[PDB]
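Just the one chain here, the form deposited in one PDB entry, laid out as structure tokens.
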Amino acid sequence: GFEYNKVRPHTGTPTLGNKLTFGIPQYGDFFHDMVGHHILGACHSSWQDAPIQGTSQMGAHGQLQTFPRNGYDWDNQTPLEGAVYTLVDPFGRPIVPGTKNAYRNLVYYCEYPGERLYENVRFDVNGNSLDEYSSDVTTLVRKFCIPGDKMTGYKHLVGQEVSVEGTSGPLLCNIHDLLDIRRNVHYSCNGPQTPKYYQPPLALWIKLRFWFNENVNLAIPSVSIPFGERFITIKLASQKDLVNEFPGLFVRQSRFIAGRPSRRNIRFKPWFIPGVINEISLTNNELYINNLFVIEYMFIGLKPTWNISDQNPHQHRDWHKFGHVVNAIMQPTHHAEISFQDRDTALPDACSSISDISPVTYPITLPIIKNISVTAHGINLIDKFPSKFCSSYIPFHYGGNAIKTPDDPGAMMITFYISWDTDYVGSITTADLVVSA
């Protein structure tokens, strides 16, 4: 029986957004890929004050947030007939205006919170740093290396929620040839990615990747290498990179349109003001080191710079995406026609257009490059090839069982000077690559 022993950092008092140097000096005759625990903290936001009916305060990211007056459009200039505004909690509860400490912004973690934690890691032994890597190469490895079967549990290590399904009881249906009982299935989930008032402390169990820590026989001997000089450096992510704010207040708008069918339309628009987020500590952050007793196929990924840039409104869930994306919105309404006089019965006397508070957002991903051209001096490599070949067919026919088929068009496989023939040119293209596999 073998048991793995822990080790604590020597610097002490870890802080977010600062470099941390960990020893891992000599424990273990042979060592392989490391594991680092990280227990996060509370994420309650700061209290805020409700706006006034005429307020037009400045918002976030340069976008103006307004509370329109009665009888006007969203802007406070163009007059709109029959428009009435009210303040509501995202869950539908009323919020009284002009009251001190009336609402709190929702706090939600970015997608894959544990993956952005290690923005940069250095493996060095008394200078001459042996290994460098960052988050993008880990994202590429995740998208390609790890199998689809070993996924759900791995989705819990990095603090990403997983979906659960429920039913709805029996329902009656018709079957057409040339009656039955069926059950409907719904999917829903909750966790760090769900905006909540108060976030339970997370538990990241982050895994470290290395070239020599993939096989037990490839581990370097500890006696030969200098044990006392090993010092692994980690650059923790900024506190503003993981967590994010979701609006805790909504400006409900109600309308009334005259005519034979008198409609009543209700619409919503968030009121988003960036508040103050409570400081989040990193406690009980031990590294449970696993200690036991005794050219080729190349992967590339292309990413717009706007994915990482802070100017992106959805940068918290677009950072890991390869290829520029757009948002599709389905706003579902609840129509209902009613007749009162039962003597005309041709056109509905009244109508309703109740709409949900929050829409349904689909992150549609599109290819960024219509053509690829990798023209190196020594070897011509590939020139004028479509992206679909390197995105789909190459992983399908090459790689074997270990590789998993890509889902995003941005990343591709090619069996260094690299050129592109794209049309979405904004000097935003950034390339990540791995070749040791």
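Start at 1 with the first residue shown and count on from there. Heads up, when I say rigid core I mean the largest set of C-alphas that superpose within 1.5 Å between the two forms.
J.: Deposited residues absent from the coordinates between residue 178 and residue 179, none, 1 to 3, 4 to 9, or 10 or more?
T.: Missing in between: 10 or more residues.
J.: Please classify the coordinate gap between residue 294 and residue 295 in terms of deposited residues: none, 1 to 3, 4 to 9, or 10 or more.
T.: The entry has 10 or more unmodelled residues between residue 294 and residue 295.
Note that the form deposited in another entry isn't included here; everything after this is about it.
J.: Core-aligned, does residue 16 move its Cα 2 Å or more between this form and the one not shown?
T.: After core superposition, the C-alpha of residue 16 moves less than 2 Å between this form and the one not shown.
J.: Does residue 422 move its CA by 2 angstroms or more between this form and the one not shown when the core is aligned?
T.: No, because once the rigid core is superposed, the C-alpha of residue 422 moves less than 2 Å between this form and the one not shown.
J.: Relative to what's shown here, the Cα pair residue 306 and residue 432 differs by 3 Å or more in that other deposited form. Does it come closer or drift farther?
T.: Farther apart in that other deposited form, by 3 Å or more.
J.: A 3 angstroms or greater change in CA distance between residue 432 and residue 315 is reported in that other deposited form. Closer or farther than in this form?
T.: Farther, not closer.
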